[PDB]
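Structure, as structure tokens:
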């Protein structure tokens, strides 16, 4: 039998519902979420790491000149310095005074630390949503399996078949372009593999972690050797990967709203709480019993002994029944004023039991069913002494839930007696026209 | 649980109260005084004989 | 292996969380709210200070140093009596609803 309703998108709290079938006793249905993962689609664009500029050995032409060719290398540089006359150990290097050549070639290559700490530049495309759902009904225990959040994939959980409907909102915490460094992600823009400002983020881009091709602009410039010694001096701006690692903002896992914990290896956004989830579960007829088998109850009167405004289950009430025979029947409340802690009851012949509930109202006028029979409960509640708790609310706060009976009588005369006084004022005009008409004829 | 009240300044008469924690049974509380000493601070000036 | 900061002294108020932080090293404190608006704050603490954060019913999550994050939710304790004279009925709803009592009156 198909049960169709709307479940709010929360993880900790369960969803309680009583399934009504004509000619059959109702059953208790519990749906509880464990995980809620939003998994977008990503393609890796490029990686970034600190560079390492390695220079080859320069040549020392004694009496002559040298030229260079445009070798294929990232950020390759060449120059020619004329008239160097270098000095080494054991006297001078060459004969020809005030005419000599030094090569001083340099180019840029990635570091050996690029395989350990590198930033992965991802482009985010919208994808699929999945969840893990705990299911029980009737008398069988809790058992769970992974489900898909769409409108086309039923999942076989238990003896029933469950279709978890799509999310009400398409909100995702990820941007179009993200950067993954270590175990945290960031919302950052890219130089898009073509550009690079040589000191901010894209001074060294490689397509994969072991790609042969490498883009690198770093403002590398050759400098003249001085006073006749053999070395190749260069000048370049510092790395952009180090400058990004200092001038960095907060990661997305410290920034994302709705309590979205972010994992890494499929790049999920776990346990967000936004929107609602429609449900459709088809419970088989093997868990349905008849009206003749279940007992009937009567003479139900309810008294609330203690209620509290606080979170968790701060209310406790005892009810009195008169059952036809012993057995088990579920209890459930349709209205959202009070949730119920437990599902079933061990009934007896003319006894009484207590149950625990949870409201967000001063005066709960909630109503619950026991053994497909009706009873109502009324009472009063007191504010709690706790200021801050470490657990979320089990109830749902409404708009009229904060109105006390003293203030409700105060606003029943400012809108009731005043608006009816204008009615008293308006009928005086309606009767003075009748008297003035009767003066004529 | 914190329970604040006002007791009188009588020595032999105990103060009986009933604390009320919600969701729990009330606990009886009895406070009694056995002494009451006011000790001023003194500095000796001189002796005489 | 990294240092662990001493735990803060936590005292509660009405929709207000107070932390007494006493660091011996420059320590990072990041807070965020679990509602629609995250409102993220971050600062480095080098001296013994005290900070107040407005915790609502949706919640608040704060991390201090290398400690795991903690989540706290504010209850509805209130500062008034809802039944009685209207000089104390109004002051009960002013603390609970300061945005509707001024407009509604």
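The count begins at 1 with the first shown residue.
Including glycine, each Cβ sits where the backbone N, Cα and C put it.
Annotated features in Swiss-Prot:
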{"type": "DISULFID", "residues": "A:49-A:114", "note": "disulfide bond"}
{"type": "DISULFID", "residues": "A:62-A:94", "note": "disulfide bond"}
{"type": "DISULFID", "residues": "A:63-A:96", "note": "disulfide bond"}
{"type": "DISULFID", "residues": "A:68-A:78", "note": "disulfide bond"}
{"type": "REGION", "residues": "A:84-101", "note": "region 'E1 fusion peptide loop'"}
{"type": "CARBOHYD", "residues": "A:134", "note": "N-linked glycosylation site"}
{"type": "DISULFID", "residues": "A:260-A:272", "note": "disulfide bond"}
{"type": "DISULFID", "residues": "A:302-A:377", "note": "disulfide bond"}
{"type": "DISULFID", "residues": "A:307-A:381", "note": "disulfide bond"}
{"type": "DISULFID", "residues": "A:329-A:371", "note": "disulfide bond"}
{"type": "TRANSMEM", "residues": "A:418-438", "note": "transmembrane segment"}
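Feature map: annotations from Swiss-Prot on the structure.
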residue	record	Cβ contacts under 8 Å, 6 or more apart
A:49	disulfide bond	A:110, A:111, A:113, A:114, A:117, A:118, A:119, A:204, A:241
A:63	disulfide bond	A:94, A:95, A:96, A:99, A:100
A:68	disulfide bond	A:78, A:80, A:103, A:105
A:260	disulfide bond	A:173, A:269, A:270, A:271, A:272
A:302	disulfide bond	A:317, A:319, A:320, A:375, A:376, A:377, A:378
A:371	disulfide bond	A:294, A:295, A:296, A:297, A:323, A:329, A:347
A:381	disulfide bond	A:307, A:308, A:309, A:314, A:315, A:359, A:361, A:362, A:363, A:364
Non-local residues, at least 6 beyond the ends, that sit with Cβ under 8 Å of the region 'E1 fusion peptide loop' (A:84-101) | 59-66, 225, 228-230
Neighbourhood of residue A:62 (disulfide bond), C-beta criterion under 8 angstroms, separation at least six = A:93, A:94, A:95, A:96, A:100
By a simple count of other Cβ atoms within 10 Å, which of A:78, A:96, A:329, A:377, the disulfide-bonded residues in the record, is least packed?
-> A:96
Over the span of the region 'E1 fusion peptide loop' (A:84-101), count residues by DSSP class, listing helix, strand and coil in order.
-> 0 helix, 3 strand, 15 coil
Given the disulfide-bonded residues A:94, A:307, which one has the fewest other C-beta atoms within 10 angstroms of its C-beta?
-> A:94
Proximal but sequence-remote residues of the same chain as the residue listed as 'N-linked glycosylation site' (Cβ under 8 Å, at least 6 apart) = A:30, A:31, A:32, A:33, A:34, A:142, A:143, A:144
Residue A:272 (disulfide bond): tally of other CB atoms within 10 A of its CB = 25
